[PDB]
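One chain comes next, on its own, written out as C-alpha coordinates in the form solved without the DNA.
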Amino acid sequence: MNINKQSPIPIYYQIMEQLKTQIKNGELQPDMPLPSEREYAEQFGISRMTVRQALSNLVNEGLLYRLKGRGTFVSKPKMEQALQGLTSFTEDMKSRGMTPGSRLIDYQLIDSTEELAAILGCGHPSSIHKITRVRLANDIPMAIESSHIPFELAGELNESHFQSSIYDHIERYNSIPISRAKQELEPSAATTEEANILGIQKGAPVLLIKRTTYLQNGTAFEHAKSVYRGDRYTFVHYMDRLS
(Lines give C-alpha, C1' and ligand atoms only; values in the text may rest on other atoms or scores of the structure.)
Protein backbone atom coordinates (compact mmCIF):
# COMPACT_ATOMS: atom_id res chain seq x y z
CA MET A 1 0.00 0.00 0.00
CA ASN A 2 1.39 3.32 -1.17
CA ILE A 3 0.68 6.90 -0.11
CA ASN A 4 1.87 9.87 -2.15
CA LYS A 5 1.81 12.89 0.14
CA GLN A 6 2.61 15.39 -2.61
CA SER A 7 -0.29 14.36 -4.85
CA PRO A 8 -3.39 16.64 -5.31
CA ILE A 9 -5.50 13.65 -4.24
CA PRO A 10 -6.14 13.86 -0.42
CA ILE A 11 -4.34 11.31 1.71
CA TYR A 12 -7.57 9.88 3.16
CA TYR A 13 -8.94 9.29 -0.39
CA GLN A 14 -5.70 7.55 -1.42
CA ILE A 15 -6.26 5.17 1.55
CA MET A 16 -9.97 4.45 0.84
CA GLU A 17 -9.21 3.65 -2.80
CA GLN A 18 -6.41 1.24 -1.96
CA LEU A 19 -8.24 -0.51 0.82
CA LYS A 20 -11.14 -0.96 -1.62
CA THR A 21 -8.71 -2.61 -4.05
CA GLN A 22 -7.29 -4.83 -1.26
CA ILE A 23 -10.83 -6.00 -0.49
CA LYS A 24 -11.41 -7.04 -4.15
CA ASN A 25 -7.84 -8.37 -4.31
CA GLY A 26 -8.71 -10.55 -1.33
CA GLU A 27 -5.70 -9.23 0.56
CA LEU A 28 -8.30 -8.16 3.12
CA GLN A 29 -10.69 -11.07 3.54
CA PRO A 30 -14.31 -10.84 4.84
CA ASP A 31 -15.01 -10.79 8.60
CA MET A 32 -11.29 -10.33 9.25
CA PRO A 33 -9.83 -7.47 11.38
CA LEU A 34 -8.06 -4.50 9.87
CA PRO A 35 -4.80 -3.02 11.20
CA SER A 36 -5.43 -0.47 13.92
CA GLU A 37 -5.70 3.26 13.27
CA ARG A 38 -2.28 3.88 14.92
CA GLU A 39 -0.58 1.04 12.96
CA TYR A 40 -1.74 2.62 9.69
CA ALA A 41 -0.72 6.06 11.01
CA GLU A 42 2.77 4.71 11.79
CA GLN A 43 3.14 2.68 8.57
CA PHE A 44 2.66 5.79 6.39
CA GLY A 45 3.90 8.53 8.71
CA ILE A 46 0.55 10.35 8.67
CA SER A 47 -1.96 11.80 11.12
CA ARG A 48 -4.12 9.21 12.90
CA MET A 49 -7.10 11.48 12.17
CA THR A 50 -6.53 11.02 8.42
CA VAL A 51 -6.65 7.27 8.87
CA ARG A 52 -9.84 7.71 10.91
CA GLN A 53 -11.38 9.78 8.11
CA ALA A 54 -10.66 7.01 5.57
CA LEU A 55 -11.91 4.15 7.77
CA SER A 56 -14.90 6.06 9.02
CA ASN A 57 -15.91 6.87 5.44
CA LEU A 58 -15.76 3.17 4.44
CA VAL A 59 -17.85 2.18 7.50
CA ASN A 60 -20.48 4.81 6.56
CA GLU A 61 -20.55 3.35 3.02
CA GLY A 62 -21.08 -0.09 4.46
CA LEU A 63 -17.78 -1.47 3.15
CA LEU A 64 -16.41 -1.92 6.67
CA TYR A 65 -17.98 -2.36 10.05
CA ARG A 66 -16.84 -1.53 13.57
CA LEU A 67 -17.31 -3.47 16.81
CA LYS A 68 -17.08 -1.15 19.83
CA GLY A 69 -13.72 -1.63 21.55
CA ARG A 70 -12.66 -4.40 19.16
CA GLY A 71 -11.66 -2.74 15.85
CA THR A 72 -12.78 -2.48 12.22
CA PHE A 73 -13.70 -5.39 9.89
CA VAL A 74 -14.52 -6.13 6.23
CA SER A 75 -18.24 -6.46 5.52
CA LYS A 76 -19.76 -9.46 3.70
CA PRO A 77 -21.40 -8.29 0.48
CA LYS A 78 -25.07 -8.50 -0.52
CA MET A 79 -25.37 -10.63 -3.68
CA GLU A 80 -28.91 -12.06 -4.18
CA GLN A 81 -30.06 -9.20 -6.43
CA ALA A 82 -26.72 -9.00 -8.32
CA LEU A 83 -26.41 -12.66 -9.30
CA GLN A 84 -30.00 -13.89 -9.15
CA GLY A 85 -32.02 -10.70 -9.76
CA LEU A 86 -31.94 -7.38 -11.60
CA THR A 87 -29.90 -4.36 -10.46
CA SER A 88 -29.73 -0.71 -11.44
CA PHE A 89 -26.27 0.64 -12.22
CA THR A 90 -26.27 2.07 -8.68
CA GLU A 91 -26.93 -1.31 -6.95
CA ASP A 92 -24.63 -3.06 -9.46
CA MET A 93 -21.62 -0.91 -8.42
CA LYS A 94 -22.39 -1.42 -4.69
CA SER A 95 -22.54 -5.23 -5.18
CA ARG A 96 -18.95 -4.92 -6.49
CA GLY A 97 -17.75 -2.70 -3.59
CA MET A 98 -17.62 0.36 -5.86
CA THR A 99 -19.01 3.90 -5.31
CA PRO A 100 -21.53 4.83 -8.07
CA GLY A 101 -22.05 8.29 -9.52
CA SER A 102 -23.29 9.99 -12.68
CA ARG A 103 -22.55 13.00 -14.83
CA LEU A 104 -24.92 14.36 -17.46
CA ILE A 105 -23.70 14.48 -21.05
CA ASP A 106 -27.04 15.40 -22.69
CA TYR A 107 -30.71 15.76 -21.81
CA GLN A 108 -33.51 16.07 -24.40
CA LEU A 109 -37.28 15.70 -24.20
CA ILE A 110 -38.03 14.21 -27.60
CA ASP A 111 -41.08 13.31 -29.67
CA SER A 112 -42.05 9.65 -29.91
CA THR A 113 -41.29 7.74 -33.09
CA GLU A 114 -43.14 4.64 -34.23
CA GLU A 115 -39.97 2.63 -33.51
CA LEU A 116 -39.56 3.85 -29.90
CA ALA A 117 -43.33 3.67 -29.39
CA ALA A 118 -43.14 -0.01 -30.47
CA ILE A 119 -40.26 -0.78 -28.11
CA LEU A 120 -41.79 0.96 -25.08
CA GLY A 121 -45.37 0.13 -26.06
CA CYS A 122 -46.10 3.75 -25.13
CA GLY A 123 -48.45 6.18 -26.87
CA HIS A 124 -47.74 7.78 -30.22
CA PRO A 125 -47.47 10.64 -30.51
CA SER A 126 -46.03 11.31 -27.03
CA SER A 127 -43.02 12.74 -25.16
CA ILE A 128 -39.99 10.68 -24.21
CA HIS A 129 -37.06 11.63 -21.94
CA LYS A 130 -33.63 11.05 -23.56
CA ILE A 131 -30.99 10.96 -20.85
CA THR A 132 -27.32 10.56 -21.76
CA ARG A 133 -24.97 10.07 -18.79
CA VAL A 134 -21.47 8.94 -17.95
CA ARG A 135 -21.83 6.38 -15.17
CA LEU A 136 -18.90 6.43 -12.78
CA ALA A 137 -17.50 3.93 -10.28
CA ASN A 138 -14.97 5.35 -7.76
CA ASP A 139 -14.99 8.69 -9.63
CA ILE A 140 -13.75 6.90 -12.78
CA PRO A 141 -15.89 6.49 -15.96
CA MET A 142 -17.43 3.06 -16.23
CA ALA A 143 -20.17 3.36 -18.89
CA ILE A 144 -21.95 5.75 -21.29
CA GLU A 145 -25.69 5.27 -20.99
CA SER A 146 -28.42 6.59 -23.27
CA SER A 147 -31.80 6.11 -21.68
CA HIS A 148 -35.34 6.60 -23.05
CA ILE A 149 -38.30 7.02 -20.64
CA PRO A 150 -41.97 7.91 -21.37
CA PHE A 151 -42.57 11.31 -19.80
CA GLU A 152 -45.74 10.16 -17.98
CA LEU A 153 -43.75 7.50 -16.09
CA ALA A 154 -41.22 9.96 -14.63
CA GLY A 155 -42.71 13.49 -14.78
CA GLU A 156 -40.36 16.48 -14.80
CA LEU A 157 -36.68 15.58 -14.42
CA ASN A 158 -33.66 17.67 -13.40
CA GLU A 159 -30.03 17.50 -12.19
CA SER A 160 -31.03 15.93 -8.85
CA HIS A 161 -32.43 12.91 -10.70
CA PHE A 162 -29.54 12.61 -13.13
CA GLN A 163 -26.92 12.43 -10.34
CA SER A 164 -28.68 9.57 -8.55
CA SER A 165 -30.65 6.37 -9.34
CA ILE A 166 -33.32 6.67 -12.03
CA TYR A 167 -34.70 3.24 -10.93
CA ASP A 168 -35.28 4.68 -7.44
CA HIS A 169 -37.12 7.65 -8.91
CA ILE A 170 -39.29 5.42 -11.14
CA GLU A 171 -40.48 3.25 -8.23
CA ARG A 172 -41.23 6.29 -6.03
CA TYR A 173 -42.92 8.38 -8.71
CA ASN A 174 -45.20 5.52 -9.77
CA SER A 175 -45.47 3.67 -6.43
CA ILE A 176 -45.09 0.37 -8.26
CA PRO A 177 -42.19 -2.08 -8.14
CA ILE A 178 -39.77 -2.65 -11.01
CA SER A 179 -40.23 -6.31 -11.96
CA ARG A 180 -38.13 -7.47 -14.94
CA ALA A 181 -35.88 -6.60 -17.88
CA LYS A 182 -34.94 -7.90 -21.27
CA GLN A 183 -31.21 -7.45 -21.85
CA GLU A 184 -28.96 -8.05 -24.87
CA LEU A 185 -25.15 -8.08 -24.75
CA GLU A 186 -22.83 -7.52 -27.70
CA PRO A 187 -19.07 -7.03 -27.79
CA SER A 188 -17.69 -4.05 -29.68
CA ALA A 189 -14.78 -1.65 -30.18
CA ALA A 190 -14.88 1.82 -28.63
CA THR A 191 -15.46 4.69 -31.05
CA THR A 192 -13.14 7.70 -30.73
CA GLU A 193 -15.68 9.65 -28.67
CA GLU A 194 -16.71 6.71 -26.46
CA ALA A 195 -13.00 5.93 -25.83
CA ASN A 196 -12.15 9.58 -24.95
CA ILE A 197 -14.97 9.91 -22.42
CA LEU A 198 -14.35 6.42 -21.03
CA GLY A 199 -10.58 6.79 -20.45
CA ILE A 200 -9.46 3.96 -22.76
CA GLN A 201 -7.85 3.71 -26.22
CA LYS A 202 -9.81 4.01 -29.47
CA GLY A 203 -10.90 0.52 -30.52
CA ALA A 204 -10.57 -0.98 -27.02
CA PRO A 205 -12.97 -3.82 -26.00
CA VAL A 206 -16.38 -2.57 -24.94
CA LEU A 207 -19.68 -4.22 -23.89
CA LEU A 208 -22.88 -3.02 -25.50
CA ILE A 209 -25.85 -3.54 -23.26
CA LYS A 210 -29.39 -2.95 -24.49
CA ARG A 211 -32.05 -3.13 -21.78
CA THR A 212 -35.84 -2.81 -21.69
CA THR A 213 -37.06 -2.63 -18.10
CA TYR A 214 -40.63 -3.24 -16.85
CA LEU A 215 -42.92 -2.21 -14.01
CA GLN A 216 -44.91 -4.85 -12.10
CA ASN A 217 -47.65 -3.35 -14.30
CA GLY A 218 -46.18 -4.97 -17.38
CA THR A 219 -45.54 -1.41 -18.58
CA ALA A 220 -42.10 -0.71 -20.09
CA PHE A 221 -40.63 2.41 -18.43
CA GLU A 222 -37.18 2.37 -20.01
CA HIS A 223 -35.21 1.43 -23.04
CA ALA A 224 -31.45 1.98 -22.54
CA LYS A 225 -28.26 1.53 -24.55
CA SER A 226 -24.90 1.48 -22.81
CA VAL A 227 -21.23 1.04 -23.66
CA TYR A 228 -19.31 -0.45 -20.69
CA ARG A 229 -15.50 -0.45 -20.40
CA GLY A 230 -14.15 -3.94 -21.10
CA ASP A 231 -11.13 -3.53 -18.81
CA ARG A 232 -13.30 -2.84 -15.74
CA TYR A 233 -16.63 -4.61 -16.32
CA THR A 234 -17.79 -8.18 -16.58
CA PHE A 235 -21.41 -9.22 -16.61
CA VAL A 236 -22.31 -12.02 -14.14
CA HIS A 237 -25.55 -13.94 -13.58
CA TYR A 238 -27.23 -17.24 -12.75
CA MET A 239 -29.55 -19.13 -15.10
CA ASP A 240 -31.99 -21.85 -14.07
CA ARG A 241 -33.16 -24.68 -16.28
CA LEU A 242 -36.95 -24.59 -16.70
CA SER A 243 -38.91 -27.84 -16.45
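All residue numbers are counted from 1 along the displayed sequence. Each form is matched to the other, and the largest set of C-alpha atoms that superpose within 1.5 Å is called the rigid core.
Trainee: Taking the other compared PDB entries with both flanking residues modelled, is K94 unmodelled in at least a third?
Mentor: Counting only entries that model residues on both sides, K94 is resolved in every one of them.
Trainee: Among the other PDB entries compared that flank it on both sides, is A143 unmodelled in a third or more?
Mentor: Comparison shows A143 kept in all of the other entries.
Trainee: Between 180-188 and 22-30, name whichever shows the higher mean Cα B factor according to the PDB entry.
Mentor: Per the deposited B-factors, the answer is 22-30.
Trainee: Regarding 33-41 and 214-222, which shows the higher C-alpha temperature factor on average in the entry?
Mentor: In the deposited entry, the stretch with the higher C-alpha B-factor mean is 33-41.
Trainee: Tell me, please, which of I140, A118, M93, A143 has the highest C-alpha B factor according to the deposited entry?
Mentor: Among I140, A118, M93, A143, the PDB entry lists the largest C-alpha B-factor for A118.
Trainee: So where's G85 on the chain's Cα temperature factor ranking, which third?
Mentor: For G85, whose C-alpha B-factor we compare with every modelled residue in the chain, the answer is the lowest third.
Trainee: Taking only the Cα B-factors deposited for this chain, tell me whether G71 sits in the lowest, middle or highest third.
Mentor: According to the entry, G71 has a C-alpha B-factor in the chain's lowest third.
Trainee: With respect to C-alpha B-factor, does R133 fall in the lowest, middle or highest third of the chain as deposited?
Mentor: For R133, the deposited C-alpha B-factor lands in the lowest third.
Trainee: Comparing against every modelled residue in the chain, figure out the third that the C-alpha B-factor of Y107 lands in (lowest, middle or highest).
Mentor: It belongs to the lowest third of the chain when residues are ordered by C-alpha B-factor.
Trainee: Using only modelled residues of the chain, where does the Cα B factor of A154 rank: lowest third, middle third or highest third?
Mentor: It belongs to the lowest third of the chain when residues are ordered by C-alpha B-factor.
Heads up, the form deposited with the DNA bound isn't pictured, but that's what we're talking about next.
Trainee: State the residue from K210, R48, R180, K202 whose non-hydrogen atoms include one within 4.5 Å of the DNA in the deposited bound form.
Mentor: So the residue touching the DNA in the deposited bound form, by this definition, is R48.
Trainee: Which residue, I11, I23, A224, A220, is the contact with the DNA in the deposited bound form, using a 4.5 Å heavy atom cutoff?
Mentor: Contact check passes for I11.
Trainee: Give a yes/no on whether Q53 approaches the DNA to within 4.5 Å in the deposited bound form, heavy atoms considered.
Mentor: So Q53 counts as contacting the DNA.
Trainee: Contact between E37 and the DNA in the deposited bound form at 4.5 Å, heavy atoms?
Mentor: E37: contacts the DNA in the deposited bound form.
Trainee: Taking heavy atoms and a 4.5 Å cut-off, does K5 contact the DNA in the deposited bound form?
Mentor: Yes - in the deposited bound form, heavy atoms of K5 and the DNA come within 4.5 Å of each other.
Trainee: Within 4.5 Å, heavy atoms only: does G71 come near the DNA in the deposited bound form?
Mentor: Although the DNA is absent here, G71 would touch it in the deposited bound form, with heavy atoms inside 4.5 Å.
Trainee: In the deposited bound form, which of 202-210, 185-193, 24-32, 61-69 comes within 4.5 Å of the DNA (heavy atoms)?
Mentor: Looking at the partner contacts, the answer comes out as 61-69.
Trainee: Determine, with the core as the superposition reference, the one member of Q201, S36, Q183, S188 that shifts its CA by 2 Å or more between this form and the one not shown.
Mentor: Per the superposition, the moving residue is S36.
Trainee: How about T213 - superposed on the rigid core, does its CA move between this form and the one not shown by 2 Å or more?
Mentor: Stays below the 2 Å threshold, so no.
Trainee: If we fit on the core, is the Cα of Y12 displaced 2 Å or more between this form and the one not shown?
Mentor: The answer is yes, as the C-alpha of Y12 shifts between this form and the one not shown by 2 Å or more after core alignment.
Trainee: Rigid core fitted, is the C-alpha displacement of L153 between this form and the one not shown 2 Å or more?
Mentor: Shift of 2 Å or more: yes.
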